>>> print(open('my_file_33.pdb').read())   # PDB, C-alpha atoms and all ligand atoms
ATOM      1  CA  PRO F   1     -51.612  12.119  11.245  1.00  0.00           C
ATOM      2  CA  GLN F   2     -49.182  13.860   8.908  1.00  0.00           C
ATOM      3  CA  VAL F   3     -49.062  12.602   5.328  1.00  0.00           C
ATOM      4  CA  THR F   4     -46.315  13.119   2.777  1.00  0.00           C
ATOM      5  CA  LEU F   5     -47.151  12.830  -0.922  1.00  0.00           C
ATOM      6  CA  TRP F   6     -44.594  10.372  -2.329  1.00  0.00           C
ATOM      7  CA  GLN F   7     -47.557   7.968  -2.630  1.00  0.00           C
ATOM      8  CA  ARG F   8     -51.248   8.635  -3.238  1.00  0.00           C
ATOM      9  CA  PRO F   9     -52.778   9.858   0.063  1.00  0.00           C
ATOM     10  CA  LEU F  10     -55.285   7.047   0.615  1.00  0.00           C
ATOM     11  CA  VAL F  11     -57.497   6.666   3.673  1.00  0.00           C
ATOM     12  CA  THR F  12     -60.037   4.137   4.859  1.00  0.00           C
ATOM     13  CA  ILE F  13     -63.615   5.430   4.928  1.00  0.00           C
ATOM     14  CA  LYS F  14     -66.827   3.971   6.326  1.00  0.00           C
ATOM     15  CA  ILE F  15     -70.065   5.042   4.641  1.00  0.00           C
ATOM     16  CA  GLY F  16     -73.451   3.366   4.380  1.00  0.00           C
ATOM     17  CA  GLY F  17     -72.257   0.530   6.620  1.00  0.00           C
ATOM     18  CA  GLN F  18     -69.444  -0.283   4.148  1.00  0.00           C
ATOM     19  CA  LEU F  19     -65.652   0.067   4.164  1.00  0.00           C
ATOM     20  CA  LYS F  20     -63.830   1.619   1.197  1.00  0.00           C
ATOM     21  CA  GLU F  21     -60.520   3.273   0.354  1.00  0.00           C
ATOM     22  CA  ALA F  22     -60.526   6.883  -0.819  1.00  0.00           C
ATOM     23  CA  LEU F  23     -58.114   9.561  -2.015  1.00  0.00           C
ATOM     24  CA  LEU F  24     -57.582  12.758   0.026  1.00  0.00           C
ATOM     25  CA  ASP F  25     -57.962  15.258  -2.807  1.00  0.00           C
ATOM     26  CA  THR F  26     -57.217  18.951  -2.159  1.00  0.00           C
ATOM     27  CA  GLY F  27     -57.928  19.596  -5.841  1.00  0.00           C
ATOM     28  CA  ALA F  28     -61.544  18.381  -5.677  1.00  0.00           C
ATOM     29  CA  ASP F  29     -64.399  20.687  -4.680  1.00  0.00           C
ATOM     30  CA  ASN F  30     -66.711  17.699  -4.098  1.00  0.00           C
ATOM     31  CA  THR F  31     -66.552  14.171  -2.680  1.00  0.00           C
ATOM     32  CA  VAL F  32     -67.223  11.543  -5.373  1.00  0.00           C
ATOM     33  CA  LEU F  33     -67.542   7.801  -4.719  1.00  0.00           C
ATOM     34  CA  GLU F  34     -67.733   4.845  -7.076  1.00  0.00           C
ATOM     35  CA  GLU F  35     -71.151   3.320  -7.616  1.00  0.00           C
ATOM     36  CA  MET F  36     -72.359   1.889  -4.314  1.00  0.00           C
ATOM     37  CA  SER F  37     -75.475   1.137  -2.287  1.00  0.00           C
ATOM     38  CA  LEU F  38     -76.635   4.106  -0.193  1.00  0.00           C
ATOM     39  CA  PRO F  39     -80.092   4.549   1.366  1.00  0.00           C
ATOM     40  CA  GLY F  40     -82.539   7.419   0.912  1.00  0.00           C
ATOM     41  CA  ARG F  41     -83.370  10.152  -1.568  1.00  0.00           C
ATOM     42  CA  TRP F  42     -80.900  11.698  -4.014  1.00  0.00           C
ATOM     43  CA  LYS F  43     -80.829  14.325  -6.762  1.00  0.00           C
ATOM     44  CA  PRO F  44     -79.205  14.008 -10.202  1.00  0.00           C
ATOM     45  CA  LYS F  45     -76.234  16.241 -10.917  1.00  0.00           C
ATOM     46  CA  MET F  46     -73.461  16.750 -13.463  1.00  0.00           C
ATOM     47  CA  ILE F  47     -69.878  17.449 -12.364  1.00  0.00           C
ATOM     48  CA  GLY F  48     -66.814  18.270 -14.423  1.00  0.00           C
ATOM     49  CA  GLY F  49     -63.213  17.195 -14.260  1.00  0.00           C
ATOM     50  CA  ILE F  50     -60.346  16.614 -16.629  1.00  0.00           C
ATOM     51  CA  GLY F  51     -61.760  14.765 -19.626  1.00  0.00           C
ATOM     52  CA  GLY F  52     -65.259  16.206 -19.299  1.00  0.00           C
ATOM     53  CA  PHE F  53     -68.354  15.518 -17.204  1.00  0.00           C
ATOM     54  CA  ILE F  54     -70.046  12.582 -15.493  1.00  0.00           C
ATOM     55  CA  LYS F  55     -73.586  12.224 -14.181  1.00  0.00           C
ATOM     56  CA  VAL F  56     -73.807  11.458 -10.460  1.00  0.00           C
ATOM     57  CA  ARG F  57     -76.382  10.920  -7.744  1.00  0.00           C
ATOM     58  CA  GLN F  58     -76.216  13.604  -5.043  1.00  0.00           C
ATOM     59  CA  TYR F  59     -76.754  12.427  -1.458  1.00  0.00           C
ATOM     60  CA  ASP F  60     -77.016  15.195   1.137  1.00  0.00           C
ATOM     61  CA  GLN F  61     -76.243  15.082   4.866  1.00  0.00           C
ATOM     62  CA  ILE F  62     -74.523  11.681   4.642  1.00  0.00           C
ATOM     63  CA  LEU F  63     -72.459  10.457   7.594  1.00  0.00           C
ATOM     64  CA  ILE F  64     -68.947   9.384   6.626  1.00  0.00           C
ATOM     65  CA  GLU F  65     -66.001   8.304   8.782  1.00  0.00           C
ATOM     66  CA  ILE F  66     -62.632   9.291   7.328  1.00  0.00           C
ATOM     67  CA  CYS F  67     -59.765   7.424   8.993  1.00  0.00           C
ATOM     68  CA  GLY F  68     -61.847   7.460  12.197  1.00  0.00           C
ATOM     69  CA  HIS F  69     -62.941  11.101  11.896  1.00  0.00           C
ATOM     70  CA  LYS F  70     -66.678  11.647  11.508  1.00  0.00           C
ATOM     71  CA  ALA F  71     -68.148  14.147   9.035  1.00  0.00           C
ATOM     72  CA  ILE F  72     -71.619  14.877   7.671  1.00  0.00           C
ATOM     73  CA  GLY F  73     -71.862  16.338   4.221  1.00  0.00           C
ATOM     74  CA  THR F  74     -72.761  15.859   0.598  1.00  0.00           C
ATOM     75  CA  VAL F  75     -71.472  12.766  -1.186  1.00  0.00           C
ATOM     76  CA  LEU F  76     -71.755  12.246  -4.949  1.00  0.00           C
ATOM     77  CA  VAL F  77     -71.974   8.716  -6.376  1.00  0.00           C
ATOM     78  CA  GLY F  78     -71.290   7.705  -9.965  1.00  0.00           C
ATOM     79  CA  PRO F  79     -68.804   6.622 -12.640  1.00  0.00           C
ATOM     80  CA  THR F  80     -65.591   7.774 -11.052  1.00  0.00           C
ATOM     81  CA  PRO F  81     -62.564   5.460 -11.307  1.00  0.00           C
ATOM     82  CA  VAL F  82     -61.290   6.471  -7.847  1.00  0.00           C
ATOM     83  CA  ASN F  83     -63.103   7.339  -4.624  1.00  0.00           C
ATOM     84  CA  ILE F  84     -62.135  10.931  -3.843  1.00  0.00           C
ATOM     85  CA  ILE F  85     -62.609  12.921  -0.634  1.00  0.00           C
ATOM     86  CA  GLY F  86     -62.965  16.557  -1.648  1.00  0.00           C
ATOM     87  CA  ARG F  87     -62.660  19.816   0.255  1.00  0.00           C
ATOM     88  CA  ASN F  88     -66.324  19.805   1.339  1.00  0.00           C
ATOM     89  CA  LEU F  89     -65.387  16.976   3.739  1.00  0.00           C
ATOM     90  CA  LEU F  90     -61.653  17.669   4.180  1.00  0.00           C
ATOM     91  CA  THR F  91     -62.485  20.874   6.061  1.00  0.00           C
ATOM     92  CA  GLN F  92     -64.691  18.917   8.470  1.00  0.00           C
ATOM     93  CA  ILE F  93     -61.771  16.734   9.573  1.00  0.00           C
ATOM     94  CA  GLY F  94     -59.342  19.640  10.118  1.00  0.00           C
ATOM     95  CA  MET F  95     -57.265  18.838   7.028  1.00  0.00           C
ATOM     96  CA  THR F  96     -54.435  21.279   6.256  1.00  0.00           C
ATOM     97  CA  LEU F  97     -51.809  21.532   3.520  1.00  0.00           C
ATOM     98  CA  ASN F  98     -48.298  22.522   4.681  1.00  0.00           C
ATOM     99  CA  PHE F  99     -45.216  23.479   2.658  1.00  0.00           C
ATOM    100  CA  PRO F1001     -47.099  28.267   4.915  1.00  0.00           C
ATOM    101  CA  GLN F1002     -49.981  26.264   6.363  1.00  0.00           C
ATOM    102  CA  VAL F1003     -53.115  26.201   4.209  1.00  0.00           C
ATOM    103  CA  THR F1004     -56.654  25.328   5.272  1.00  0.00           C
ATOM    104  CA  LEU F1005     -59.112  24.078   2.657  1.00  0.00           C
ATOM    105  CA  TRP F1006     -62.199  26.274   3.027  1.00  0.00           C
ATOM    106  CA  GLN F1007     -61.130  27.804  -0.292  1.00  0.00           C
ATOM    107  CA  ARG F1008     -59.280  26.303  -3.257  1.00  0.00           C
ATOM    108  CA  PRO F1009     -55.559  26.082  -2.363  1.00  0.00           C
ATOM    109  CA  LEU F1010     -54.240  28.356  -5.106  1.00  0.00           C
ATOM    110  CA  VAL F1011     -50.607  29.383  -5.490  1.00  0.00           C
ATOM    111  CA  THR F1012     -48.669  31.583  -7.875  1.00  0.00           C
ATOM    112  CA  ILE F1013     -46.236  29.761 -10.155  1.00  0.00           C
ATOM    113  CA  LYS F1014     -43.507  30.997 -12.473  1.00  0.00           C
ATOM    114  CA  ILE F1015     -42.773  28.780 -15.482  1.00  0.00           C
ATOM    115  CA  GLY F1016     -41.341  29.534 -18.904  1.00  0.00           C
ATOM    116  CA  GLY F1017     -40.768  33.122 -17.792  1.00  0.00           C
ATOM    117  CA  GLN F1018     -44.525  33.553 -17.177  1.00  0.00           C
ATOM    118  CA  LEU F1019     -46.626  34.027 -14.043  1.00  0.00           C
ATOM    119  CA  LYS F1020     -49.717  31.862 -13.542  1.00  0.00           C
ATOM    120  CA  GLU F1021     -52.068  30.686 -10.809  1.00  0.00           C
ATOM    121  CA  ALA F1022     -52.371  26.991 -10.031  1.00  0.00           C
ATOM    122  CA  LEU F1023     -54.133  24.534  -7.740  1.00  0.00           C
ATOM    123  CA  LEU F1024     -52.229  22.481  -5.143  1.00  0.00           C
ATOM    124  CA  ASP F1025     -53.704  19.073  -5.875  1.00  0.00           C
ATOM    125  CA  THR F1026     -52.939  16.049  -3.664  1.00  0.00           C
ATOM    126  CA  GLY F1027     -55.351  14.068  -5.869  1.00  0.00           C
ATOM    127  CA  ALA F1028     -53.280  14.544  -9.051  1.00  0.00           C
ATOM    128  CA  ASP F1029     -50.396  12.237  -9.936  1.00  0.00           C
ATOM    129  CA  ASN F1030     -49.136  14.737 -12.543  1.00  0.00           C
ATOM    130  CA  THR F1031     -48.831  18.477 -13.097  1.00  0.00           C
ATOM    131  CA  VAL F1032     -51.064  19.737 -15.922  1.00  0.00           C
ATOM    132  CA  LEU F1033     -51.097  23.340 -17.152  1.00  0.00           C
ATOM    133  CA  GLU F1034     -53.365  25.136 -19.605  1.00  0.00           C
ATOM    134  CA  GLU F1035     -52.159  25.847 -23.116  1.00  0.00           C
ATOM    135  CA  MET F1036     -49.110  28.090 -22.891  1.00  0.00           C
ATOM    136  CA  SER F1037     -45.860  28.825 -24.680  1.00  0.00           C
ATOM    137  CA  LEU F1038     -43.036  26.608 -23.450  1.00  0.00           C
ATOM    138  CA  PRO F1039     -39.673  26.106 -25.173  1.00  0.00           C
ATOM    139  CA  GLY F1040     -37.985  22.833 -26.004  1.00  0.00           C
ATOM    140  CA  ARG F1041     -38.900  19.365 -27.159  1.00  0.00           C
ATOM    141  CA  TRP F1042     -42.046  17.638 -25.915  1.00  0.00           C
ATOM    142  CA  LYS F1043     -43.698  14.237 -26.251  1.00  0.00           C
ATOM    143  CA  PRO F1044     -47.371  13.396 -26.849  1.00  0.00           C
ATOM    144  CA  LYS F1045     -49.291  11.718 -24.064  1.00  0.00           C
ATOM    145  CA  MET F1046     -52.832  10.927 -22.930  1.00  0.00           C
ATOM    146  CA  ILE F1047     -53.904  11.286 -19.295  1.00  0.00           C
ATOM    147  CA  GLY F1048     -57.177  10.415 -17.606  1.00  0.00           C
ATOM    148  CA  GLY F1049     -59.384  12.323 -15.212  1.00  0.00           C
ATOM    149  CA  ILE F1050     -62.913  12.014 -13.871  1.00  0.00           C
ATOM    150  CA  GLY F1051     -64.567  12.777 -17.224  1.00  0.00           C
ATOM    151  CA  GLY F1052     -62.314  10.772 -19.531  1.00  0.00           C
ATOM    152  CA  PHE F1053     -58.997  11.535 -21.206  1.00  0.00           C
ATOM    153  CA  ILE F1054     -57.237  14.516 -22.773  1.00  0.00           C
ATOM    154  CA  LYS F1055     -54.174  14.787 -25.000  1.00  0.00           C
ATOM    155  CA  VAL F1056     -51.260  16.756 -23.559  1.00  0.00           C
ATOM    156  CA  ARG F1057     -47.720  17.711 -24.447  1.00  0.00           C
ATOM    157  CA  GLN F1058     -45.169  16.327 -21.993  1.00  0.00           C
ATOM    158  CA  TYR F1059     -42.187  18.492 -21.043  1.00  0.00           C
ATOM    159  CA  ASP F1060     -39.488  16.918 -18.877  1.00  0.00           C
ATOM    160  CA  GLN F1061     -37.002  18.612 -16.537  1.00  0.00           C
ATOM    161  CA  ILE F1062     -38.870  21.945 -16.503  1.00  0.00           C
ATOM    162  CA  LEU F1063     -38.043  24.508 -13.817  1.00  0.00           C
ATOM    163  CA  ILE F1064     -41.117  25.781 -11.960  1.00  0.00           C
ATOM    164  CA  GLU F1065     -41.273  28.194  -9.054  1.00  0.00           C
ATOM    165  CA  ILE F1066     -44.174  27.390  -6.729  1.00  0.00           C
ATOM    166  CA  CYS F1067     -44.842  30.249  -4.318  1.00  0.00           C
ATOM    167  CA  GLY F1068     -41.094  30.972  -4.410  1.00  0.00           C
ATOM    168  CA  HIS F1069     -40.004  27.338  -4.004  1.00  0.00           C
ATOM    169  CA  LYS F1070     -38.049  25.927  -6.947  1.00  0.00           C
ATOM    170  CA  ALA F1071     -38.735  22.460  -8.366  1.00  0.00           C
ATOM    171  CA  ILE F1072     -37.646  20.668 -11.544  1.00  0.00           C
ATOM    172  CA  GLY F1073     -39.822  17.983 -13.042  1.00  0.00           C
ATOM    173  CA  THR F1074     -42.299  16.931 -15.684  1.00  0.00           C
ATOM    174  CA  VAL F1075     -45.056  19.325 -16.761  1.00  0.00           C
ATOM    175  CA  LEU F1076     -47.976  18.361 -19.014  1.00  0.00           C
ATOM    176  CA  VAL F1077     -49.576  21.070 -21.187  1.00  0.00           C
ATOM    177  CA  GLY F1078     -53.019  20.761 -22.758  1.00  0.00           C
ATOM    178  CA  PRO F1079     -56.766  21.450 -22.488  1.00  0.00           C
ATOM    179  CA  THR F1080     -57.143  21.381 -18.757  1.00  0.00           C
ATOM    180  CA  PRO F1081     -59.549  24.044 -17.430  1.00  0.00           C
ATOM    181  CA  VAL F1082     -57.423  24.609 -14.297  1.00  0.00           C
ATOM    182  CA  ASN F1083     -53.646  24.634 -13.816  1.00  0.00           C
ATOM    183  CA  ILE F1084     -52.893  21.732 -11.453  1.00  0.00           C
ATOM    184  CA  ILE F1085     -49.761  21.112  -9.372  1.00  0.00           C
ATOM    185  CA  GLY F1086     -49.674  17.364  -8.815  1.00  0.00           C
ATOM    186  CA  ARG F1087     -47.722  15.141  -6.448  1.00  0.00           C
ATOM    187  CA  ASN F1088     -44.662  14.872  -8.727  1.00  0.00           C
ATOM    188  CA  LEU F1089     -43.947  18.528  -7.842  1.00  0.00           C
ATOM    189  CA  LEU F1090     -45.671  18.732  -4.445  1.00  0.00           C
ATOM    190  CA  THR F1091     -43.074  16.355  -2.998  1.00  0.00           C
ATOM    191  CA  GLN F1092     -40.261  18.658  -4.123  1.00  0.00           C
ATOM    192  CA  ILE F1093     -41.622  21.602  -2.152  1.00  0.00           C
ATOM    193  CA  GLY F1094     -42.131  19.522   1.017  1.00  0.00           C
ATOM    194  CA  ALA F1095     -45.935  19.616   0.853  1.00  0.00           C
ATOM    195  CA  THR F1096     -47.704  17.579   3.550  1.00  0.00           C
ATOM    196  CA  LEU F1097     -51.321  16.881   4.485  1.00  0.00           C
ATOM    197  CA  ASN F1098     -52.210  17.268   8.179  1.00  0.00           C
ATOM    198  CA  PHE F1099     -55.424  16.313  10.010  1.00  0.00           C
TER     199      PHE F1099
HETATM  200  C1  LIG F1101     -55.089  16.391 -13.104  1.00  0.00           C
HETATM  201  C2  LIG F1101     -54.801  14.912 -13.390  1.00  0.00           C
HETATM  202  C3  LIG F1101     -53.286  14.706 -13.430  1.00  0.00           C
HETATM  203  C4  LIG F1101     -55.354  14.479 -14.746  1.00  0.00           C
HETATM  204  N1  LIG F1101     -55.365  14.098 -12.323  1.00  0.00           N
HETATM  205  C5  LIG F1101     -56.791  13.973 -12.067  1.00  0.00           C
HETATM  206  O1  LIG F1101     -57.612  14.518 -12.720  1.00  0.00           O
HETATM  207  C6  LIG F1101     -57.242  13.098 -10.943  1.00  0.00           C
HETATM  208  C7  LIG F1101     -57.939  11.873 -11.553  1.00  0.00           C
HETATM  209  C8  LIG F1101     -58.409  10.923 -10.460  1.00  0.00           C
HETATM  210  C9  LIG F1101     -59.113   9.722 -11.181  1.00  0.00           C
HETATM  211  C10 LIG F1101     -60.509  10.113 -11.686  1.00  0.00           C
HETATM  212  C11 LIG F1101     -61.371  10.626 -10.536  1.00  0.00           C
HETATM  213  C12 LIG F1101     -60.740  11.886  -9.900  1.00  0.00           C
HETATM  214  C13 LIG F1101     -59.282  11.614  -9.418  1.00  0.00           C
HETATM  215  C14 LIG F1101     -58.708  12.969  -8.928  1.00  0.00           C
HETATM  216  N2  LIG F1101     -58.207  13.845 -10.058  1.00  0.00           N
HETATM  217  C15 LIG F1101     -57.558  15.040  -9.527  1.00  0.00           C
HETATM  218  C16 LIG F1101     -58.621  15.942  -8.906  1.00  0.00           C
HETATM  219  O2  LIG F1101     -58.024  16.791  -7.966  1.00  0.00           O
HETATM  220  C17 LIG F1101     -59.319  16.750  -9.994  1.00  0.00           C
HETATM  221  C18 LIG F1101     -58.385  17.856 -10.492  1.00  0.00           C
HETATM  222  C19 LIG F1101     -59.160  18.918 -11.271  1.00  0.00           C
HETATM  223  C20 LIG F1101     -59.498  20.118 -10.657  1.00  0.00           C
HETATM  224  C21 LIG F1101     -60.202  21.076 -11.364  1.00  0.00           C
HETATM  225  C22 LIG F1101     -60.560  20.844 -12.685  1.00  0.00           C
HETATM  226  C23 LIG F1101     -60.214  19.652 -13.300  1.00  0.00           C
HETATM  227  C24 LIG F1101     -59.514  18.688 -12.594  1.00  0.00           C
HETATM  228  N3  LIG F1101     -60.534  17.335  -9.441  1.00  0.00           N
HETATM  229  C25 LIG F1101     -61.838  16.913  -9.928  1.00  0.00           C
HETATM  230  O3  LIG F1101     -61.941  16.101 -10.789  1.00  0.00           O
HETATM  231  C26 LIG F1101     -63.066  17.576  -9.325  1.00  0.00           C
HETATM  232  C27 LIG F1101     -64.275  16.662  -9.399  1.00  0.00           C
HETATM  233  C28 LIG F1101     -65.369  17.406  -8.650  1.00  0.00           C
HETATM  234  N4  LIG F1101     -65.170  17.732  -7.257  1.00  0.00           N
HETATM  235  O4  LIG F1101     -66.361  17.732  -9.199  1.00  0.00           O
HETATM  236  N5  LIG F1101     -63.306  18.782 -10.102  1.00  0.00           N
HETATM  237  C29 LIG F1101     -63.408  20.071  -9.454  1.00  0.00           C
HETATM  238  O5  LIG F1101     -63.301  20.164  -8.276  1.00  0.00           O
HETATM  239  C30 LIG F1101     -63.636  21.262 -10.386  1.00  0.00           C
HETATM  240  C31 LIG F1101     -63.463  22.579  -9.969  1.00  0.00           C
HETATM  241  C32 LIG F1101     -63.665  23.586 -10.865  1.00  0.00           C
HETATM  242  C33 LIG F1101     -64.034  23.300 -12.164  1.00  0.00           C
HETATM  243  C34 LIG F1101     -64.245  24.332 -13.094  1.00  0.00           C
HETATM  244  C35 LIG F1101     -64.612  24.018 -14.397  1.00  0.00           C
HETATM  245  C36 LIG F1101     -64.766  22.693 -14.794  1.00  0.00           C
HETATM  246  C37 LIG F1101     -64.557  21.670 -13.880  1.00  0.00           C
HETATM  247  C38 LIG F1101     -64.192  21.994 -12.562  1.00  0.00           C
HETATM  248  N6  LIG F1101     -63.983  20.989 -11.665  1.00  0.00           N
END
>>> encode(input="my_file_33.pdb", output="structure tokens", more="lines below")
Ligand SMILES: CC(C)(C)NC(=O)[C@@H]1C[C@@H]2CCCC[C@@H]2CN1C[C@@H](O)[C@H](Cc1ccccc1)NC(=O)[C@H](CC(N)=O)NC(=O)c1ccc2ccccc2n1
Amino acid sequence: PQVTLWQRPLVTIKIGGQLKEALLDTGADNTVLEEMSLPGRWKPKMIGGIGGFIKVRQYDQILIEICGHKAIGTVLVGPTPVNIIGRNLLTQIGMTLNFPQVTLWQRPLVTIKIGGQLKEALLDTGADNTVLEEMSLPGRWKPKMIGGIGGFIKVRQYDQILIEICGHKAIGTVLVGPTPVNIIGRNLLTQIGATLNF
């Protein structure tokens, strides 16, 4: 299957005998599922996202079927609003990002040029929006709040901003605020023809 990014890239998963929907998330290092019944031992862990941290239960060597593809890996369970399939499992199902083809054994980082400045950013199929660290941008902005796995942050919203993503030009909305990682979300991924392939 090839997947464009005009909509959230959702898949059906089977785990612990149960069926769920989950987000294919190139921006996530880990796989994090809403609270659910799994069998066996687990270790406590803390994981960060936009908004802060959540406590999760870590289950190792869990079998999961992702759209009919089997993988064994670590699954985290806790207070996430969305089930997310992260790179630890995406690699096991041959997932690639294409716009250059990009495997997911490492974070899919790209160089961007925005506001006359060069930065590195994460290609993030799990993000609806594009969120950049604090930086100087010109023009009017609007206040907004956006949510992530740890809660919410306040950002400045800039509309109709020109960004160059690995040489490919897009114009769209960019949010600026206290994110720890520059994130290219689906609003801009679609403009550079990014697709998920597995
Ligand atoms: C960026 C924004 C527009 C706000 N969108 C989102 O945040 C949506 C929100 C959704 C609902 C809540 C549950 C997660 C999904 C997926 N996310 C996108 C999703 O891609 C998100 C993007 C991201 C990457 C890095 C740092 C922060 C945020 N990744 C994550 O939340 C995963 C969670 C995990 N595997 O532990 N975070 C990381 O993989 C990760 C990597 C490095 C880090 C360094 C320092 C601090 C935190 C770090 N977190």
>>> resolve_selection(input="my_file_33.pdb", expression="the PyMOL selection byres (((chain F and resi 24) around 10) and not hetatm)", output="list in words")
residues 8, 9, 10, 11, 21, 22, 23, 25, 26, 27, 28, 31, 66, 83, 84, 85, 86, 87, 89, 90, 95, 1025, 1026, 1027 and 1097 of chain F
>>> atom_distance(input="my_file_33.pdb", atom1="atom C12 of ligand LIG 1101 (chain F)", atom2="atom CA of residue F:33")
9.5 Å
>>> resolve_selection(input="my_file_33.pdb", expression="the PyMOL selection byres (((not hetatm)) within 8 of (chain F and resi 1101))", output="MDAnalysis selection string")
chainID F and resid 23 25:32 47:50 52:53 80:84 86 1023 1025:1032 1047:1051 1053 1080:1084 1086
>>> closest_residue(input="my_file_33.pdb", among="F:19, F:1054, F:1019, F:1062", to="residue F:37", atoms="only C-alpha atoms")
F:19
>>> resolve_selection(input="my_file_33.pdb", expression="the PyMOL selection byres (((chain F and resi 17) around 12) and not hetatm)", output="ChimeraX atom specification")
/F:13-16,18-20,36-39,62-65
>>> residues_around(input="my_file_33.pdb", residues="residue F:1067", least_positions_apart="3", cutoff="12 Å", atoms="all atoms listed in the file", output="list in words")
residues 99, 1001, 1009, 1010, 1011, 1012, 1013, 1014, 1015, 1019, 1020, 1021, 1022, 1023, 1024, 1064, 1070, 1071, 1085, 1090, 1093 and 1095 of chain F
>>> write_last_selection(input="my_file_33.pdb", atoms="C-alpha atoms", output="mmCIF file, in the frame of the given file")
data_model
loop_
_atom_site.group_PDB
_atom_site.id
_atom_site.type_symbol
_atom_site.label_atom_id
_atom_site.label_comp_id
_atom_site.auth_asym_id
_atom_site.auth_seq_id
_atom_site.Cartn_x
_atom_site.Cartn_y
_atom_site.Cartn_z
ATOM 1 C CA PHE F 99 -45.216 23.479 2.658
ATOM 2 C CA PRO F 1001 -47.099 28.267 4.915
ATOM 3 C CA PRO F 1009 -55.559 26.082 -2.363
ATOM 4 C CA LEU F 1010 -54.240 28.356 -5.106
ATOM 5 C CA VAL F 1011 -50.607 29.383 -5.490
ATOM 6 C CA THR F 1012 -48.669 31.583 -7.875
ATOM 7 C CA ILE F 1013 -46.236 29.761 -10.155
ATOM 8 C CA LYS F 1014 -43.507 30.997 -12.473
ATOM 9 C CA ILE F 1015 -42.773 28.780 -15.482
ATOM 10 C CA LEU F 1019 -46.626 34.027 -14.043
ATOM 11 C CA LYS F 1020 -49.717 31.862 -13.542
ATOM 12 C CA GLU F 1021 -52.068 30.686 -10.809
ATOM 13 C CA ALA F 1022 -52.371 26.991 -10.031
ATOM 14 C CA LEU F 1023 -54.133 24.534 -7.740
ATOM 15 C CA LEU F 1024 -52.229 22.481 -5.143
ATOM 16 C CA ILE F 1064 -41.117 25.781 -11.960
ATOM 17 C CA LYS F 1070 -38.049 25.927 -6.947
ATOM 18 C CA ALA F 1071 -38.735 22.460 -8.366
ATOM 19 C CA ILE F 1085 -49.761 21.112 -9.372
ATOM 20 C CA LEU F 1090 -45.671 18.732 -4.445
ATOM 21 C CA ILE F 1093 -41.622 21.602 -2.152
ATOM 22 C CA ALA F 1095 -45.935 19.616 0.853
#
>>> closest_residue(input="my_file_33.pdb", among="F:1040, F:76, F:7, F:60", to="residue F:34", atoms="all atoms listed in the file")
F:76
>>> residues_near_point(input="my_file_33.pdb", point="(-50.2, 23.1, -19.4)", cutoff="6 Å", atoms="all atoms listed in the file", output="number ranges by chain")
F: 1032-1035, 1076-1078
>>> atom_distance(input="my_file_33.pdb", atom1="atom CA of residue F:1059", atom2="atom CA of residue F:6")
20.5 Å
>>> atom_distance(input="my_file_33.pdb", atom1="atom CA of residue F:1063", atom2="atom CA of residue F:1008")
23.8 Å
